[PDB]
>>> print(open('protein38.cif').read())   # mmCIF, C-alpha atoms and all ligand atoms
data_entry
#
loop_
_atom_site.label_atom_id
_atom_site.label_comp_id
_atom_site.auth_asym_id
_atom_site.auth_seq_id
_atom_site.Cartn_x
_atom_site.Cartn_y
_atom_site.Cartn_z
CA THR A 1 102.87 92.71 128.33
CA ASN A 2 101.91 92.63 124.64
CA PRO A 3 104.51 94.69 122.73
CA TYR A 4 102.10 94.98 119.77
CA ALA A 5 99.01 96.26 121.58
CA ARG A 6 97.96 99.74 120.47
CA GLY A 7 95.13 102.10 121.28
CA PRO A 8 92.27 102.07 123.78
CA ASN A 9 90.27 99.13 125.04
CA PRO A 10 87.74 98.30 122.30
CA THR A 11 83.97 98.44 122.59
CA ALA A 12 81.26 97.43 120.14
CA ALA A 13 80.50 101.12 119.61
CA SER A 14 84.15 102.10 119.18
CA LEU A 15 84.63 99.42 116.51
CA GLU A 16 81.38 100.21 114.67
CA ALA A 17 82.27 103.91 114.32
CA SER A 18 83.68 104.97 110.97
CA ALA A 19 86.74 106.58 112.61
CA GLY A 20 89.02 104.79 115.03
CA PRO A 21 91.25 106.41 117.65
CA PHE A 22 94.27 107.42 115.55
CA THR A 23 94.90 110.37 113.24
CA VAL A 24 95.35 109.15 109.64
CA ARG A 25 97.33 110.69 106.81
CA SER A 26 97.80 109.33 103.29
CA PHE A 27 100.00 109.72 100.24
CA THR A 28 100.21 108.47 96.65
CA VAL A 29 103.13 106.16 95.85
CA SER A 30 105.13 108.11 93.28
CA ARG A 31 106.83 105.11 91.61
CA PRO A 32 105.04 101.82 92.28
CA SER A 33 107.40 98.84 92.19
CA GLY A 34 105.67 95.82 90.69
CA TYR A 35 102.05 97.07 90.55
CA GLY A 36 100.12 99.85 88.87
CA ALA A 37 99.40 102.49 91.52
CA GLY A 38 99.01 102.77 95.27
CA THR A 39 97.79 104.94 98.11
CA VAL A 40 99.32 104.47 101.58
CA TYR A 41 97.25 105.26 104.68
CA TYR A 42 99.01 105.49 108.03
CA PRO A 43 98.45 106.63 111.64
CA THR A 44 100.59 109.52 112.81
CA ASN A 45 100.32 108.68 116.53
CA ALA A 46 99.79 104.93 116.97
CA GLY A 47 102.15 104.58 119.95
CA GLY A 48 104.62 102.22 118.28
CA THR A 49 105.29 100.48 115.01
CA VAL A 50 102.26 98.85 113.41
CA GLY A 51 101.62 96.06 110.94
CA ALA A 52 100.94 96.63 107.23
CA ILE A 53 97.99 95.48 105.08
CA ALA A 54 97.84 95.40 101.26
CA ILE A 55 94.42 95.45 99.56
CA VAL A 56 93.66 94.56 95.91
CA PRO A 57 90.48 95.20 93.82
CA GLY A 58 88.66 92.78 91.53
CA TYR A 59 88.48 92.43 87.74
CA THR A 60 88.02 95.81 85.93
CA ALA A 61 88.05 97.55 89.31
CA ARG A 62 90.30 100.18 90.84
CA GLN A 63 91.29 101.62 94.22
CA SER A 64 87.91 103.37 94.57
CA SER A 65 86.17 100.01 95.17
CA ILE A 66 88.36 99.22 98.22
CA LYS A 67 89.41 102.73 99.35
CA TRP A 68 87.19 102.86 102.46
CA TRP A 69 89.31 100.18 104.16
CA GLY A 70 92.28 102.57 104.13
CA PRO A 71 91.03 105.12 106.66
CA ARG A 72 88.94 102.54 108.53
CA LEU A 73 91.90 100.25 109.27
CA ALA A 74 94.66 102.86 109.50
CA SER A 75 92.74 104.74 112.20
CA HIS A 76 92.96 101.64 114.40
CA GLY A 77 96.74 101.29 114.02
CA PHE A 78 97.83 99.82 110.68
CA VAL A 79 99.66 101.04 107.60
CA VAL A 80 97.35 100.21 104.68
CA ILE A 81 98.22 100.26 100.97
CA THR A 82 95.38 100.08 98.43
CA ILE A 83 96.56 99.25 94.92
CA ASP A 84 95.62 99.44 91.28
CA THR A 85 96.92 96.49 89.32
CA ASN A 86 99.21 96.80 86.30
CA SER A 87 96.15 96.05 84.14
CA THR A 88 92.52 96.09 85.24
CA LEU A 89 92.26 92.65 83.59
CA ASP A 90 94.95 90.86 85.63
CA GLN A 91 94.11 87.37 86.98
CA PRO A 92 94.38 86.19 90.63
CA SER A 93 97.95 84.85 90.47
CA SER A 94 99.18 88.18 89.09
CA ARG A 95 97.09 90.06 91.65
CA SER A 96 98.81 88.04 94.40
CA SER A 97 102.28 88.91 93.07
CA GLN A 98 101.37 92.61 92.91
CA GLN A 99 99.87 92.47 96.41
CA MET A 100 103.16 91.10 97.71
CA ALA A 101 105.08 93.73 95.72
CA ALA A 102 103.00 96.40 97.47
CA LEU A 103 103.89 94.95 100.88
CA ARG A 104 107.55 94.88 99.80
CA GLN A 105 107.44 98.56 98.88
CA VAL A 106 105.76 99.48 102.18
CA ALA A 107 108.74 97.78 103.83
CA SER A 108 111.05 99.75 101.52
CA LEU A 109 109.35 103.05 102.38
CA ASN A 110 109.67 102.17 106.07
CA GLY A 111 113.43 102.46 105.56
CA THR A 112 113.36 105.48 103.22
CA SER A 113 114.30 108.62 105.16
CA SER A 114 112.05 110.96 103.17
CA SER A 115 108.97 108.79 103.47
CA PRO A 116 106.04 109.75 105.74
CA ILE A 117 106.04 106.15 107.02
CA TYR A 118 109.76 106.03 107.85
CA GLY A 119 110.05 103.82 110.92
CA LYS A 120 106.28 103.46 111.38
CA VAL A 121 105.97 99.84 110.19
CA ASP A 122 106.80 96.52 111.85
CA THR A 123 107.73 94.67 108.68
CA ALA A 124 107.42 91.26 110.38
CA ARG A 125 103.63 91.71 110.75
CA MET A 126 101.64 91.89 107.51
CA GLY A 127 98.16 91.06 106.26
CA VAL A 128 96.29 90.73 102.97
CA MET A 129 92.81 91.74 101.81
CA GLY A 130 91.03 92.11 98.52
CA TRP A 131 87.82 91.86 96.49
CA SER A 132 86.75 88.96 94.21
CA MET A 133 89.82 88.03 92.11
CA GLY A 134 91.79 90.24 94.51
CA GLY A 135 90.40 88.13 97.34
CA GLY A 136 91.48 85.00 95.55
CA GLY A 137 94.87 86.64 95.14
CA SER A 138 94.93 87.33 98.89
CA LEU A 139 94.48 83.64 99.58
CA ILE A 140 97.21 82.81 97.06
CA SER A 141 99.44 85.27 98.91
CA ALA A 142 98.63 83.53 102.18
CA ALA A 143 99.24 80.05 100.75
CA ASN A 144 102.65 81.08 99.39
CA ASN A 145 103.77 83.29 102.32
CA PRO A 146 102.63 81.60 105.54
CA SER A 147 104.40 84.17 107.71
CA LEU A 148 101.60 86.61 106.88
CA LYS A 149 99.63 87.18 110.08
CA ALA A 150 96.08 87.58 108.76
CA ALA A 151 93.93 87.48 105.63
CA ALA A 152 90.44 88.96 105.18
CA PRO A 153 89.26 88.74 101.56
CA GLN A 154 85.76 89.80 100.49
CA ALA A 155 83.55 87.89 98.03
CA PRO A 156 86.64 85.93 96.94
CA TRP A 157 86.93 84.06 93.67
CA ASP A 158 89.55 81.79 92.12
CA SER A 159 89.41 79.15 89.39
CA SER A 160 90.06 76.60 92.17
CA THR A 161 88.41 76.76 95.59
CA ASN A 162 91.02 74.49 97.22
CA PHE A 163 93.01 76.54 99.73
CA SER A 164 93.63 73.58 102.06
CA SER A 165 97.28 74.51 102.60
CA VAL A 166 96.55 77.93 104.14
CA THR A 167 97.68 78.26 107.77
CA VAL A 168 97.11 82.04 108.01
CA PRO A 169 94.06 83.14 110.09
CA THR A 170 91.47 83.92 107.42
CA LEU A 171 88.18 85.82 107.64
CA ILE A 172 85.99 85.34 104.54
CA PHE A 173 83.44 88.12 103.92
CA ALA A 174 80.66 86.70 101.75
CA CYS A 175 77.74 88.48 100.10
CA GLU A 176 74.52 86.48 100.41
CA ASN A 177 73.03 87.30 97.00
CA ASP A 178 76.31 87.42 95.05
CA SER A 179 75.52 86.56 91.42
CA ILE A 180 79.06 87.07 90.07
CA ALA A 181 80.80 84.64 92.45
CA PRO A 182 77.90 82.89 94.18
CA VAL A 183 78.49 81.97 97.80
CA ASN A 184 77.83 78.25 97.38
CA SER A 185 80.24 78.03 94.42
CA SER A 186 82.98 80.41 95.64
CA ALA A 187 83.21 81.88 99.15
CA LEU A 188 81.79 78.88 101.02
CA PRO A 189 83.82 76.09 99.31
CA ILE A 190 86.91 78.25 99.80
CA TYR A 191 86.07 78.52 103.49
CA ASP A 192 85.35 74.80 103.78
CA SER A 193 88.64 73.83 102.15
CA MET A 194 90.72 75.34 104.98
CA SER A 195 91.29 72.86 107.80
CA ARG A 196 94.64 74.07 109.13
CA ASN A 197 93.87 77.60 110.34
CA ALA A 198 91.80 79.90 112.48
CA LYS A 199 89.02 80.91 110.11
CA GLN A 200 85.69 82.66 109.95
CA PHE A 201 82.82 82.90 107.44
CA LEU A 202 80.71 86.08 107.61
CA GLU A 203 77.87 86.30 105.07
CA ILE A 204 76.23 89.72 104.73
CA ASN A 205 72.42 89.55 104.56
CA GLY A 206 71.10 90.57 101.15
CA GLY A 207 74.53 91.58 99.86
CA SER A 208 75.37 91.90 96.19
CA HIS A 209 78.88 91.12 94.94
CA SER A 210 79.90 94.67 95.99
CA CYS A 211 78.50 94.38 99.54
CA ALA A 212 81.90 95.05 101.22
CA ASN A 213 83.08 97.83 98.87
CA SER A 214 83.32 101.58 99.38
CA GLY A 215 79.96 103.17 100.12
CA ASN A 216 78.36 99.95 101.34
CA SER A 217 75.55 100.12 103.88
CA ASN A 218 77.26 97.84 106.42
CA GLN A 219 80.47 99.70 107.20
CA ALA A 220 79.64 99.38 110.91
CA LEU A 221 79.49 95.58 111.00
CA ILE A 222 81.99 94.87 108.24
CA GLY A 223 84.50 97.40 109.54
CA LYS A 224 84.11 96.12 113.11
CA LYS A 225 84.87 92.55 112.06
CA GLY A 226 87.72 93.50 109.73
CA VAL A 227 89.42 95.62 112.39
CA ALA A 228 88.86 93.05 115.14
CA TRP A 229 90.26 90.24 112.98
CA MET A 230 93.36 92.23 112.01
CA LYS A 231 93.86 93.38 115.61
CA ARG A 232 93.52 89.88 117.08
CA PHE A 233 95.83 88.16 114.63
CA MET A 234 98.26 90.82 113.37
CA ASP A 235 98.78 92.27 116.88
CA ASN A 236 98.10 89.06 118.89
CA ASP A 237 95.77 91.42 120.79
CA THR A 238 93.49 89.27 122.98
CA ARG A 239 91.41 92.32 123.89
CA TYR A 240 89.91 91.57 120.47
CA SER A 241 89.45 87.81 120.90
CA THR A 242 85.73 88.15 121.57
CA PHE A 243 85.10 90.69 118.80
CA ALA A 244 87.11 88.56 116.37
CA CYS A 245 85.82 85.11 117.22
CA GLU A 246 82.23 85.52 118.42
CA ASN A 247 79.05 85.49 116.40
CA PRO A 248 78.23 89.22 116.17
CA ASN A 249 74.50 88.54 116.66
CA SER A 250 73.59 91.00 113.92
CA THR A 251 70.45 91.20 111.79
CA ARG A 252 72.82 92.14 108.93
CA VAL A 253 74.44 88.65 108.92
CA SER A 254 72.72 85.76 107.15
CA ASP A 255 75.35 83.09 107.90
CA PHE A 256 78.14 82.90 110.50
CA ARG A 257 80.69 80.09 110.86
CA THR A 258 84.04 79.89 112.61
CA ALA A 259 86.70 77.30 113.47
CA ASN A 260 89.84 77.22 115.65
CA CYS A 261 89.02 80.72 116.92
CA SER A 262 90.40 80.67 120.46
CA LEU A 263 87.85 81.93 123.00
CA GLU A 264 88.21 81.54 126.77
CA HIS A 265 84.99 80.51 128.55
CA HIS A 266 83.08 79.92 125.30
CA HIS A 267 79.55 78.54 125.47
CA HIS A 268 78.66 75.07 124.17
CA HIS A 269 75.54 75.77 122.06
CL CL A 301 86.74 89.49 89.86
#
>>> encode(input="protein38.cif", output="structure tokens")
Amino acid sequence: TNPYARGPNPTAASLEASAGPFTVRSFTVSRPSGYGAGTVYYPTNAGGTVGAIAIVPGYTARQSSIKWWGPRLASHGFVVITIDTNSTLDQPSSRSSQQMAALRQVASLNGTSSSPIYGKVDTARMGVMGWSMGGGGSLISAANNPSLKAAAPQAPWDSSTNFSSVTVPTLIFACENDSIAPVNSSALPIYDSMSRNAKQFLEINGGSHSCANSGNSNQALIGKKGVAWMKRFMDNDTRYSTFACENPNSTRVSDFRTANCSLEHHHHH
């Protein structure tokens, strides 16, 4: 009865694996419109149109830092675009604009007959992710475009931590030992500012500022939570309500918080 549900019934093991159920292909965007470069990852056999996610790196950084999210998320039934910004030194507001330009072009390619993603995207269902200033930009995107279905930035930073207006379901990945954007000055005040949304705070035990980037040692836990969050809120898929909203009870997590995360038959502890 859910028109957006895709793929098999999830398990902890199926979500911790590096590869989800769907075959993934990818291509380079030949003329980026409003951003520097992009790679689009897509499932060939998702069983219907899927939502789209745009992911942005941090200051000085490039697609390599965020690339692993492409195959991880696309294999569970999403079209994912990872971008390079017009300049590696762009600030969060510009990163937000370029993130939204990448989503716009994914929608354009969905209607372009020659494109590998022709007709593969539900353009009414989109999400935003990104690292550090690109995570700040993701929250700016969410604040300015409340029809976005989900946000999941990692080690986010912005010159202001006040995202009180955000109504988009937002998962904040935090890195416990972040010295660039320390948790108590960045990720946690950002999380605490949001009182109008479903939200979650997931702090990775012992993580440096790059703890959610390509090659990290927690792709099982981080990927499981990212996929479950995007599935629950971009697809309204309540098969993922538990994976999305529950404390994962992992030795790799040093701090877990969540609010307005709908769970039937939840305990009271
Ligand atoms: Cl940054």
>>> residues_near_ligand(input="protein38.cif", ligand="ligand CL 301 (chain A)", cutoff="7 Å", atoms="all atoms listed in the file", output="PyMOL selection string")
chain A and resi 58-59+132-134+157
>>> write_last_selection(input="protein38.cif", atoms="C-alpha atoms", output="CSV table (one decimal), in the frame of the given file")
chain,number,residue,atom,x,y,z
A,58,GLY,CA,88.7,92.8,91.5
A,59,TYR,CA,88.5,92.4,87.7
A,132,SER,CA,86.8,89.0,94.2
A,133,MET,CA,89.8,88.0,92.1
A,134,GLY,CA,91.8,90.2,94.5
A,157,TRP,CA,86.9,84.1,93.7
>>> closest_residue(input="protein38.cif", among="A:105, A:186, A:141, A:254", to="residue A:209", atoms="all atoms listed in the file")
A:186
>>> residues_around(input="protein38.cif", residues="residue A:31", least_positions_apart="4", cutoff="12 Å", atoms="all atoms listed in the file", output="number ranges by chain")
A: 27, 35-39, 102, 105, 109
>>> closest_residue(input="protein38.cif", among="A:145, A:176, A:44, A:29", to="residue A:108", atoms="all atoms listed in the file")
A:29
>>> closest_residue(input="protein38.cif", among="A:230, A:220, A:139, A:212", to="residue A:52", atoms="all atoms listed in the file")
A:230
>>> atom_distance(input="protein38.cif", atom1="atom CA of residue A:238", atom2="atom CA of residue A:204")
25.1 Å
>>> closest_residue(input="protein38.cif", among="A:266, A:136, A:28, A:234", to="residue A:161", atoms="all atoms listed in the file")
A:136
>>> residues_around(input="protein38.cif", residues="residue A:258", least_positions_apart="4", cutoff="10 Å", atoms="all atoms listed in the file", output="count of residues only")
13
>>> residues_around(input="protein38.cif", residues="residue A:169", least_positions_apart="3", cutoff="9 Å", atoms="only C-alpha atoms", output="PyMOL selection string")
chain A and resi 148-152+166+197-200+229+233+261
>>> write_last_selection(input="protein38.cif", atoms="C-alpha atoms", output="JSON list (two decimals), in the coordinates of the input")
[["chain", "number", "residue", "atom", "x", "y", "z"],
["A", 148, "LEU", "CA", 101.60, 86.61, 106.88],
["A", 149, "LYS", "CA", 99.63, 87.18, 110.08],
["A", 150, "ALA", "CA", 96.08, 87.58, 108.76],
["A", 151, "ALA", "CA", 93.93, 87.48, 105.63],
["A", 152, "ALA", "CA", 90.44, 88.96, 105.18],
["A", 166, "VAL", "CA", 96.55, 77.93, 104.14],
["A", 197, "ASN", "CA", 93.87, 77.60, 110.34],
["A", 198, "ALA", "CA", 91.80, 79.90, 112.48],
["A", 199, "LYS", "CA", 89.02, 80.91, 110.11],
["A", 200, "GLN", "CA", 85.69, 82.66, 109.95],
["A", 229, "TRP", "CA", 90.26, 90.24, 112.98],
["A", 233, "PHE", "CA", 95.83, 88.16, 114.63],
["A", 261, "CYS", "CA", 89.02, 80.72, 116.92]]
>>> closest_residue(input="protein38.cif", among="A:81, A:15, A:89, A:5", to="residue A:42", atoms="all atoms listed in the file")
A:81
>>> closest_residue(input="protein38.cif", among="A:189, A:10, A:20, A:153", to="residue A:71", atoms="all atoms listed in the file")
A:20
>>> axis_aligned_box(input="protein38.cif", around="stretch 215-218 of chain A", padding_each_side="6 Å", output="AutoDock Vina command-line options")
--center_x 77.8 --center_y 100.5 --center_z 103.3 --size_x 16.4 --size_y 17.3 --size_z 18.3
>>> atom_distance(input="protein38.cif", atom1="atom CA of residue A:70", atom2="atom CA of residue A:48")
18.8 Å
>>> build_atoms(input="protein38.cif", residues="stretch 59-76 of chain A", atoms="N, CA and C atoms", output="PDB file, in the coordinates of the input")
ATOM      1  N   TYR A  59      88.373  92.255  89.194  1.00  0.00           N
ATOM      2  CA  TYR A  59      88.480  92.430  87.740  1.00  0.00           C
ATOM      3  C   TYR A  59      87.752  93.693  87.292  1.00  0.00           C
ATOM      4  N   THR A  60      88.427  94.499  86.451  1.00  0.00           N
ATOM      5  CA  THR A  60      88.020  95.810  85.930  1.00  0.00           C
ATOM      6  C   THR A  60      88.038  96.923  86.974  1.00  0.00           C
ATOM      7  N   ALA A  61      88.255  96.587  88.239  1.00  0.00           N
ATOM      8  CA  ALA A  61      88.050  97.550  89.310  1.00  0.00           C
ATOM      9  C   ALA A  61      89.344  98.245  89.708  1.00  0.00           C
ATOM     10  N   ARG A  62      89.184  99.328  90.471  1.00  0.00           N
ATOM     11  CA  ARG A  62      90.300 100.180  90.840  1.00  0.00           C
ATOM     12  C   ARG A  62      90.302 100.481  92.337  1.00  0.00           C
ATOM     13  N   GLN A  63      91.206 101.350  92.793  1.00  0.00           N
ATOM     14  CA  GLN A  63      91.290 101.620  94.220  1.00  0.00           C
ATOM     15  C   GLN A  63      89.961 102.105  94.801  1.00  0.00           C
ATOM     16  N   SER A  64      89.150 102.824  94.019  1.00  0.00           N
ATOM     17  CA  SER A  64      87.910 103.370  94.570  1.00  0.00           C
ATOM     18  C   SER A  64      87.038 102.295  95.218  1.00  0.00           C
ATOM     19  N   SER A  65      87.027 101.084  94.651  1.00  0.00           N
ATOM     20  CA  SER A  65      86.170 100.010  95.170  1.00  0.00           C
ATOM     21  C   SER A  65      86.562  99.573  96.584  1.00  0.00           C
ATOM     22  N   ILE A  66      87.838  99.706  96.947  1.00  0.00           N
ATOM     23  CA  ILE A  66      88.360  99.220  98.220  1.00  0.00           C
ATOM     24  C   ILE A  66      88.872 100.339  99.111  1.00  0.00           C
ATOM     25  N   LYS A  67      88.768 101.598  98.675  1.00  0.00           N
ATOM     26  CA  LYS A  67      89.410 102.730  99.350  1.00  0.00           C
ATOM     27  C   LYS A  67      88.962 102.876 100.808  1.00  0.00           C
ATOM     28  N   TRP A  68      87.700 102.572 101.118  1.00  0.00           N
ATOM     29  CA  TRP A  68      87.190 102.860 102.460  1.00  0.00           C
ATOM     30  C   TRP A  68      87.942 102.084 103.532  1.00  0.00           C
ATOM     31  N   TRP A  69      88.540 100.945 103.177  1.00  0.00           N
ATOM     32  CA  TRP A  69      89.310 100.180 104.160  1.00  0.00           C
ATOM     33  C   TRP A  69      90.536 100.944 104.638  1.00  0.00           C
ATOM     34  N   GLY A  70      91.083 101.820 103.798  1.00  0.00           N
ATOM     35  CA  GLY A  70      92.280 102.570 104.130  1.00  0.00           C
ATOM     36  C   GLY A  70      92.133 103.359 105.412  1.00  0.00           C
ATOM     37  N   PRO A  71      91.236 104.348 105.423  1.00  0.00           N
ATOM     38  CA  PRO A  71      91.030 105.120 106.660  1.00  0.00           C
ATOM     39  C   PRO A  71      90.423 104.293 107.787  1.00  0.00           C
ATOM     40  N   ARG A  72      89.557 103.334 107.477  1.00  0.00           N
ATOM     41  CA  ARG A  72      88.940 102.540 108.530  1.00  0.00           C
ATOM     42  C   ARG A  72      90.004 101.749 109.303  1.00  0.00           C
ATOM     43  N   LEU A  73      90.895 101.052 108.593  1.00  0.00           N
ATOM     44  CA  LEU A  73      91.900 100.250 109.270  1.00  0.00           C
ATOM     45  C   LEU A  73      93.052 101.103 109.798  1.00  0.00           C
ATOM     46  N   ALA A  74      93.500 102.105 109.039  1.00  0.00           N
ATOM     47  CA  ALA A  74      94.660 102.860 109.500  1.00  0.00           C
ATOM     48  C   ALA A  74      94.367 103.565 110.812  1.00  0.00           C
ATOM     49  N   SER A  75      93.125 104.031 110.991  1.00  0.00           N
ATOM     50  CA  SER A  75      92.740 104.740 112.200  1.00  0.00           C
ATOM     51  C   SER A  75      92.736 103.846 113.427  1.00  0.00           C
ATOM     52  N   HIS A  76      92.841 102.531 113.258  1.00  0.00           N
ATOM     53  CA  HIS A  76      92.960 101.640 114.400  1.00  0.00           C
ATOM     54  C   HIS A  76      94.393 101.164 114.630  1.00  0.00           C
TER      55      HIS A  76
END
